[PDB]
Amino acid sequence: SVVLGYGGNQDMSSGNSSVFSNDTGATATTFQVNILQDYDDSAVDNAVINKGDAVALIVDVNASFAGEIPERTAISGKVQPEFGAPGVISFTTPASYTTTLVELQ
Amino acid sequence: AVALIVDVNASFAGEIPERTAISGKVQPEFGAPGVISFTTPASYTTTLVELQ
Amino acid sequence: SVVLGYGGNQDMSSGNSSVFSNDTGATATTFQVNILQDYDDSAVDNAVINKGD
Amino acid sequence: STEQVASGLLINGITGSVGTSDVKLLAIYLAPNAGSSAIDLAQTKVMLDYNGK
């Protein structure tokens with residue numbers, strides 16, 4: 001059972017491409033934050049999401065679980081905010097890996 | 001009725017050969033997205049090919 | 001009534017001949033698998049058949 | 001909350017251009033669903049997934 005926290009690295013990639021190719025080297029105990037949409041630039045500094053943003057999270061698995069994640073598994077998890085209601089995770093893995101970028105949910 | 005044009009050669013740095021399968025989404029601000037699937041044909045014949 | 005299972009021997013005979021003359025000596029409780037056509041080599045290892053093999 | 005369940009976006013046809021060796025331009029047609037209030041094209045973003053990209 002693994003608890004994470006915020007990591008001191010982010011990006012302002014609103015216009016660029018290749019999500020898996022920029023600033024992914026500050027992992028192994030934290031997650032990383034990317035911004036996809038922000039009109040009134042309220043999330044560029046100090047991480048405040050207003051009504052209508054879009055933010056992606058990147059987590060590394062190999063350097064945080066000390067191993068891998070094989071197929072035919074079932075994993076739950078929660079993303080508890082400070083005071084709201086959590087979103088629940090379920091990504092029961094497919095039985096075959098084909099391409100270099102697989103969908104999970 | 002609005003059409004969109006995207007260039008592939010100067011955004012993927014390469015090409016898009018046949019017998020592939022690509023997904024994607026066109027998320028609006030607050031609505032529900034439309035899903036893309038354009039699994040390519042096995043032969044290119046004309047200078048303007050249909051995909052979906 | 002006979003139930004079989006997968007056997008630990010296969011072949012990549014895509015181009016060769018004489019189906020009844022290569023690697024037929026690991027039988028008697030299992031079956032054996034030969035590959036005749038695979039474009040995107042998704043069945044060469046770990047036995048996954050995609051659309052068209 | 002009624003505006004979120006009401007609105008939508010409907011894809012109705014995708015064409016592509018070719019002419020050197022391979023496809024390099026995509027054209028996507030588009031039309032709003034018939035309950036949407038006001039779709040604003042200044043803030044709609046397209047994701048694509050191919051070749052580990």
# chains A, B, ... in the order shown; residues from 1 in each chain; ligands from 1

call {"tool": "residues_around", "arguments": {"residues": "stretch 22-29 of chain B", "least_positions_apart": "2", "cutoff": "10 Å", "atoms": "only C-alpha atoms", "output": "short mmCIF file (atom, residue, chain, number, x, y, z; two decimals) with C-alpha atoms, in the first residue's frame"}}
result
data_model
loop_
_atom_site.label_atom_id
_atom_site.label_comp_id
_atom_site.auth_asym_id
_atom_site.auth_seq_id
_atom_site.Cartn_x
_atom_site.Cartn_y
_atom_site.Cartn_z
CA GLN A 37 -5.70 23.76 -20.51
CA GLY A 52 -12.76 24.14 -16.04
CA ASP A 53 -9.09 23.13 -16.17
CA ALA A 54 -7.42 19.91 -17.33
CA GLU A 103 -4.88 1.88 -23.06
CA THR B 20 -2.34 0.51 -38.24
CA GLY B 31 -19.44 18.57 -23.15
CA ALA B 32 -18.90 14.92 -24.07
CA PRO B 33 -16.07 13.86 -26.40
CA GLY B 34 -16.25 12.18 -29.78
CA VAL B 35 -14.02 9.15 -30.24
CA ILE B 36 -11.83 8.53 -33.31
CA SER B 37 -10.99 5.18 -34.93
CA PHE B 38 -9.54 5.03 -38.46
CA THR B 39 -7.91 1.57 -38.86
CA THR B 40 -6.11 1.93 -42.17
CA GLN D 4 -22.72 19.30 -18.89
CA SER D 7 -24.00 19.25 -24.65
CA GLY D 8 -21.89 17.09 -26.94
CA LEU D 9 -19.79 16.89 -30.08
CA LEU D 10 -20.37 14.51 -33.00
CA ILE D 11 -17.77 13.33 -35.54
CA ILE D 39 -19.49 25.16 -28.37
CA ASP D 40 -16.44 27.44 -28.37
CA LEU D 41 -13.63 26.31 -30.69
CA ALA D 42 -10.95 28.47 -29.06
CA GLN D 43 -10.41 25.93 -26.26
CA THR D 44 -10.99 22.45 -27.76
CA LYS D 45 -7.96 20.15 -27.89
CA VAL D 46 -7.33 17.01 -29.91
CA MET D 47 -5.35 14.02 -28.68
CA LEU D 48 -3.80 11.42 -30.97
CA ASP D 49 -2.00 8.17 -30.10
CA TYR D 50 0.50 6.47 -32.41
CA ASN D 51 3.92 4.75 -32.23
#

call {"tool": "residues_around", "arguments": {"residues": "stretch 63-71 of chain A", "least_positions_apart": "6", "cutoff": "8 Å", "atoms": "only C-alpha atoms", "output": "VMD selection string"}}
result
chain A and resid 27 to 29 93 to 96

call {"tool": "atom_distance", "arguments": {"atom1": "atom CA of residue D:13", "atom2": "atom CA of residue A:55"}}
result
29.3 Å

call {"tool": "residues_around", "arguments": {"residues": "residue B:46", "least_positions_apart": "6", "cutoff": "10 Å", "atoms": "only C-alpha atoms", "output": "PDB file with C-alpha atoms, in the first residue's frame"}}
result
ATOM      1  CA  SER D  17      -4.632  13.078 -48.356  1.00  0.00           C
ATOM      2  CA  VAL D  18      -1.693  11.232 -49.906  1.00  0.00           C
ATOM      3  CA  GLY D  19       0.520  11.788 -52.938  1.00  0.00           C
TER       4      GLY D  19
END

call {"tool": "residues_around", "arguments": {"residues": "residue B:5", "least_positions_apart": "3", "cutoff": "9 Å", "atoms": "only C-alpha atoms", "output": "list in words"}}
result
residues 25, 26, 27 and 28 of chain D

call {"tool": "residues_around", "arguments": {"residues": "residue C:2", "least_positions_apart": "5", "cutoff": "12 Å", "atoms": "only C-alpha atoms", "output": "PDB file with N, CA and C atoms, in the first residue's frame"}}
result
ATOM      1  N   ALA C  28       2.200 -37.091 -26.932  1.00  0.00           N
ATOM      2  CA  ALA C  28       1.609 -38.151 -26.102  1.00  0.00           C
ATOM      3  C   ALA C  28       0.833 -37.656 -24.886  1.00  0.00           C
ATOM      4  N   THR C  29       0.822 -36.360 -24.593  1.00  0.00           N
ATOM      5  CA  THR C  29      -0.240 -35.818 -23.753  1.00  0.00           C
ATOM      6  C   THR C  29      -0.670 -34.415 -24.151  1.00  0.00           C
ATOM      7  N   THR C  30      -0.093 -33.827 -25.197  1.00  0.00           N
ATOM      8  CA  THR C  30      -0.315 -32.434 -25.560  1.00  0.00           C
ATOM      9  C   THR C  30      -0.404 -32.331 -27.074  1.00  0.00           C
TER      10      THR C  30
END

call {"tool": "interface_residues", "arguments": {"of": "chain C", "to": "chain A", "cutoff": "12 Å", "atoms": "only C-alpha atoms", "output": "CSV table (one decimal) with N, CA, C and O atoms, in the first residue's frame"}}
result
chain,number,residue,atom,x,y,z
C,40,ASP,N,2.7,-9.1,-38.7
C,40,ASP,CA,3.3,-8.2,-37.7
C,40,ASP,C,3.9,-8.9,-36.5
C,40,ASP,O,3.8,-8.4,-35.3
C,41,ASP,N,4.4,-10.2,-36.7
C,41,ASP,CA,5.1,-11.1,-35.8
C,41,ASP,C,4.6,-11.1,-34.4
C,41,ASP,O,5.4,-11.1,-33.4
C,42,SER,N,3.3,-11.1,-34.2
C,42,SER,CA,2.7,-11.1,-32.9
C,42,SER,C,2.4,-12.5,-32.3
C,42,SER,O,1.9,-12.6,-31.2
C,43,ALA,N,2.7,-13.5,-33.1
C,43,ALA,CA,2.5,-14.9,-32.7
C,43,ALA,C,3.8,-15.7,-32.6
C,43,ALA,O,3.8,-16.9,-32.3
C,45,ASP,N,6.3,-15.2,-30.5
C,45,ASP,CA,6.5,-15.5,-29.1
C,45,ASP,C,5.1,-15.4,-28.4
C,45,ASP,O,4.2,-14.8,-28.9
C,46,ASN,N,5.0,-16.2,-27.3
C,46,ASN,CA,3.9,-16.2,-26.3
C,46,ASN,C,2.5,-16.3,-26.8
C,46,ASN,O,1.6,-16.0,-26.1
C,47,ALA,N,2.4,-16.8,-28.1
C,47,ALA,CA,1.1,-17.4,-28.7
C,47,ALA,C,-0.1,-16.4,-28.6
C,47,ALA,O,-1.0,-16.7,-27.9
C,48,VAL,N,0.0,-15.3,-29.3
C,48,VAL,CA,-1.1,-14.4,-29.4
C,48,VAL,C,-1.5,-14.3,-30.9
C,48,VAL,O,-0.7,-13.8,-31.7
C,49,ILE,N,-2.8,-14.7,-31.2
C,49,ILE,CA,-3.3,-14.6,-32.6
C,49,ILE,C,-4.1,-13.3,-32.7
C,49,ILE,O,-5.1,-13.1,-32.0
C,50,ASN,N,-3.6,-12.4,-33.6
C,50,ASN,CA,-4.4,-11.2,-34.0
C,50,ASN,C,-5.3,-11.5,-35.1
C,50,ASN,O,-5.6,-12.6,-35.5

call {"tool": "residues_around", "arguments": {"residues": "residue D:36", "least_positions_apart": "2", "cutoff": "7 Å", "atoms": "only C-alpha atoms", "output": "list in words"}}
result
residues 6, 7, 8, 32, 33, 34 and 38 of chain D

call {"tool": "write_last_selection", "arguments": {"atoms": "C-alpha atoms", "output": "PDB file, in the first residue's frame"}}
result
ATOM      1  CA  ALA D   6     -26.852  18.283 -22.327  1.00  0.00           C
ATOM      2  CA  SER D   7     -23.999  19.245 -24.652  1.00  0.00           C
ATOM      3  CA  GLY D   8     -21.888  17.085 -26.940  1.00  0.00           C
ATOM      4  CA  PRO D  32     -22.612  19.765 -32.701  1.00  0.00           C
ATOM      5  CA  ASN D  33     -25.169  17.502 -31.090  1.00  0.00           C
ATOM      6  CA  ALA D  34     -28.705  18.867 -31.136  1.00  0.00           C
ATOM      7  CA  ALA D  38     -22.607  27.101 -27.403  1.00  0.00           C
TER       8      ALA D  38
END

call {"tool": "residues_around", "arguments": {"residues": "stretch 6-9 of chain B", "least_positions_apart": "2", "cutoff": "6 Å", "atoms": "only C-alpha atoms", "output": "ChimeraX atom specification"}}
result
/B:11-15 /D:24-26

call {"tool": "interface_residues", "arguments": {"of": "chain C", "to": "chain B", "cutoff": "12 Å", "atoms": "only C-alpha atoms", "output": "PyMOL selection string"}}
result
chain C and resi 39-40+51-52

call {"tool": "write_last_selection", "arguments": {"atoms": "N, CA, C and O atoms", "output": "mmCIF file, in the first residue's frame"}}
result
data_model
loop_
_atom_site.group_PDB
_atom_site.id
_atom_site.type_symbol
_atom_site.label_atom_id
_atom_site.label_comp_id
_atom_site.auth_asym_id
_atom_site.auth_seq_id
_atom_site.Cartn_x
_atom_site.Cartn_y
_atom_site.Cartn_z
ATOM 1 N N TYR C 39 2.055 -11.482 -40.250
ATOM 2 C CA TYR C 39 2.675 -10.278 -40.794
ATOM 3 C C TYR C 39 3.436 -9.509 -39.723
ATOM 4 O O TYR C 39 4.651 -9.308 -39.829
ATOM 5 N N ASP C 40 2.737 -9.072 -38.676
ATOM 6 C CA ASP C 40 3.315 -8.191 -37.668
ATOM 7 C C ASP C 40 3.888 -8.946 -36.476
ATOM 8 O O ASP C 40 3.797 -8.440 -35.349
ATOM 9 N N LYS C 51 -5.853 -10.439 -35.737
ATOM 10 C CA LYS C 51 -6.857 -10.574 -36.789
ATOM 11 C C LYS C 51 -6.174 -10.903 -38.110
ATOM 12 O O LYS C 51 -5.737 -10.007 -38.834
ATOM 13 N N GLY C 52 -6.084 -12.190 -38.439
ATOM 14 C CA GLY C 52 -5.609 -12.571 -39.756
ATOM 15 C C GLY C 52 -4.466 -13.564 -39.835
ATOM 16 O O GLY C 52 -3.794 -13.637 -40.866
#

call {"tool": "atom_distance", "arguments": {"atom1": "atom CA of residue B:10", "atom2": "atom CA of residue D:21"}}
result
14.9 Å

call {"tool": "atom_distance", "arguments": {"atom1": "atom CA of residue C:11", "atom2": "atom CA of residue C:36"}}
result
9.7 Å

call {"tool": "closest_residue", "arguments": {"among": "C:1, C:9, C:17, C:53", "to": "residue C:31", "atoms": "only C-alpha atoms"}}
result
C:9

call {"tool": "closest_atom_pairs", "arguments": {"of": "chain A", "to": "chain D", "cutoff": "9 Å", "atoms": "only C-alpha atoms", "output": "Markdown table"}}
result
| residue | atom | partner | partner_atom | distance |
| --- | --- | --- | --- | --- |
| A:17 | CA | D:53 | CA | 8.5 |
| A:18 | CA | D:53 | CA | 5.7 |
| A:19 | CA | D:53 | CA | 7.6 |
| A:20 | CA | D:53 | CA | 7.4 |
| A:21 | CA | D:53 | CA | 8.8 |
| A:36 | CA | D:45 | CA | 8.7 |
| A:37 | CA | D:43 | CA | 7.7 |
| A:39 | CA | D:43 | CA | 8.3 |
| A:99 | CA | D:51 | CA | 7.7 |
| A:100 | CA | D:52 | CA | 5.2 |
| A:101 | CA | D:52 | CA | 5.1 |
| A:102 | CA | D:52 | CA | 8.9 |

call {"tool": "write_last_selection", "arguments": {"atoms": "N, CA, C and O atoms", "output": "PDB file, in the first residue's frame"}}
result
ATOM      1  N   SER A  17       3.733  18.903 -27.565  1.00  0.00           N
ATOM      2  CA  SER A  17       3.372  17.524 -27.848  1.00  0.00           C
ATOM      3  C   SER A  17       4.293  16.588 -27.080  1.00  0.00           C
ATOM      4  O   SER A  17       5.159  17.031 -26.318  1.00  0.00           O
ATOM      5  N   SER A  18       4.097  15.282 -27.308  1.00  0.00           N
ATOM      6  CA  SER A  18       4.940  14.188 -26.804  1.00  0.00           C
ATOM      7  C   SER A  18       5.010  14.196 -25.273  1.00  0.00           C
ATOM      8  O   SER A  18       6.026  14.551 -24.671  1.00  0.00           O
ATOM      9  N   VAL A  19       3.862  13.845 -24.672  1.00  0.00           N
ATOM     10  CA  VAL A  19       3.666  13.878 -23.219  1.00  0.00           C
ATOM     11  C   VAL A  19       4.707  13.032 -22.489  1.00  0.00           C
ATOM     12  O   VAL A  19       5.204  13.415 -21.423  1.00  0.00           O
ATOM     13  N   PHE A  20       5.111  11.911 -23.082  1.00  0.00           N
ATOM     14  CA  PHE A  20       6.082  11.023 -22.455  1.00  0.00           C
ATOM     15  C   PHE A  20       7.523  11.358 -22.828  1.00  0.00           C
ATOM     16  O   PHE A  20       8.370  10.456 -22.865  1.00  0.00           O
ATOM     17  N   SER A  21       7.834  12.627 -23.118  1.00  0.00           N
ATOM     18  CA  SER A  21       9.195  12.972 -23.513  1.00  0.00           C
ATOM     19  C   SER A  21       9.713  14.286 -22.932  1.00  0.00           C
ATOM     20  O   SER A  21      10.702  14.818 -23.454  1.00  0.00           O
ATOM     21  N   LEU A  36      -2.789  20.933 -19.262  1.00  0.00           N
ATOM     22  CA  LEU A  36      -3.238  20.840 -20.638  1.00  0.00           C
ATOM     23  C   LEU A  36      -4.117  21.999 -21.076  1.00  0.00           C
ATOM     24  O   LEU A  36      -4.176  22.279 -22.274  1.00  0.00           O
ATOM     25  N   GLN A  37      -4.786  22.683 -20.148  1.00  0.00           N
ATOM     26  CA  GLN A  37      -5.696  23.764 -20.510  1.00  0.00           C
ATOM     27  C   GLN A  37      -5.898  24.676 -19.313  1.00  0.00           C
ATOM     28  O   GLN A  37      -6.248  24.203 -18.229  1.00  0.00           O
ATOM     29  N   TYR A  39      -7.370  28.834 -19.052  1.00  0.00           N
ATOM     30  CA  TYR A  39      -7.665  30.112 -19.691  1.00  0.00           C
ATOM     31  C   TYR A  39      -7.097  31.280 -18.895  1.00  0.00           C
ATOM     32  O   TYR A  39      -6.268  32.045 -19.397  1.00  0.00           O
ATOM     33  N   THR A  99       1.142  -3.082 -28.536  1.00  0.00           N
ATOM     34  CA  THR A  99       1.821  -1.889 -29.009  1.00  0.00           C
ATOM     35  C   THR A  99       2.667  -1.286 -27.894  1.00  0.00           C
ATOM     36  O   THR A  99       2.695  -1.772 -26.762  1.00  0.00           O
ATOM     37  N   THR A 100       3.366  -0.203 -28.225  1.00  0.00           N
ATOM     38  CA  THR A 100       4.207   0.493 -27.263  1.00  0.00           C
ATOM     39  C   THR A 100       3.442   1.505 -26.422  1.00  0.00           C
ATOM     40  O   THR A 100       4.062   2.220 -25.630  1.00  0.00           O
ATOM     41  N   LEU A 101       2.120   1.582 -26.569  1.00  0.00           N
ATOM     42  CA  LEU A 101       1.310   2.529 -25.804  1.00  0.00           C
ATOM     43  C   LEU A 101      -0.075   1.903 -25.671  1.00  0.00           C
ATOM     44  O   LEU A 101      -0.882   1.979 -26.601  1.00  0.00           O
ATOM     45  N   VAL A 102      -0.344   1.301 -24.517  1.00  0.00           N
ATOM     46  CA  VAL A 102      -1.557   0.523 -24.301  1.00  0.00           C
ATOM     47  C   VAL A 102      -2.539   1.348 -23.477  1.00  0.00           C
ATOM     48  O   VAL A 102      -2.142   2.115 -22.591  1.00  0.00           O
TER      49      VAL A 102
END

call {"tool": "select_by_dssp", "arguments": {"residues": "chain C", "states": "strand (DSSP E)", "output": "list in words"}}
result
residues 5, 6, 7, 8, 9, 10, 11, 30, 31, 32, 33 and 34 of chain C

call {"tool": "select_by_dssp", "arguments": {"residues": "chain D", "states": "alpha helix (DSSP H)", "output": "list in words"}}
result
residues 2, 3, 4, 5 and 6 of chain D

call {"tool": "write_last_selection", "arguments": {"atoms": "N, CA and C atoms", "output": "PDB file, in the first residue's frame"}}
result
ATOM      1  N   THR D   2     -26.806  20.890 -15.685  1.00  0.00           N
ATOM      2  CA  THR D   2     -27.632  20.472 -16.814  1.00  0.00           C
ATOM      3  C   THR D   2     -26.907  20.697 -18.137  1.00  0.00           C
ATOM      4  N   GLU D   3     -26.069  21.735 -18.203  1.00  0.00           N
ATOM      5  CA  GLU D   3     -25.330  22.025 -19.425  1.00  0.00           C
ATOM      6  C   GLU D   3     -24.266  20.974 -19.709  1.00  0.00           C
ATOM      7  N   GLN D   4     -23.741  20.322 -18.670  1.00  0.00           N
ATOM      8  CA  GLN D   4     -22.720  19.305 -18.886  1.00  0.00           C
ATOM      9  C   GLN D   4     -23.323  18.025 -19.446  1.00  0.00           C
ATOM     10  N   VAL D   5     -24.484  17.617 -18.936  1.00  0.00           N
ATOM     11  CA  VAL D   5     -25.133  16.426 -19.471  1.00  0.00           C
ATOM     12  C   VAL D   5     -25.806  16.716 -20.810  1.00  0.00           C
ATOM     13  N   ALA D   6     -26.121  17.980 -21.102  1.00  0.00           N
ATOM     14  CA  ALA D   6     -26.852  18.283 -22.327  1.00  0.00           C
ATOM     15  C   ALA D   6     -25.948  18.283 -23.556  1.00  0.00           C
TER      16      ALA D   6
END

call {"tool": "closest_residue", "arguments": {"among": "A:104, A:43, A:59, A:88", "to": "residue A:6", "atoms": "only C-alpha atoms"}}
result
A:59
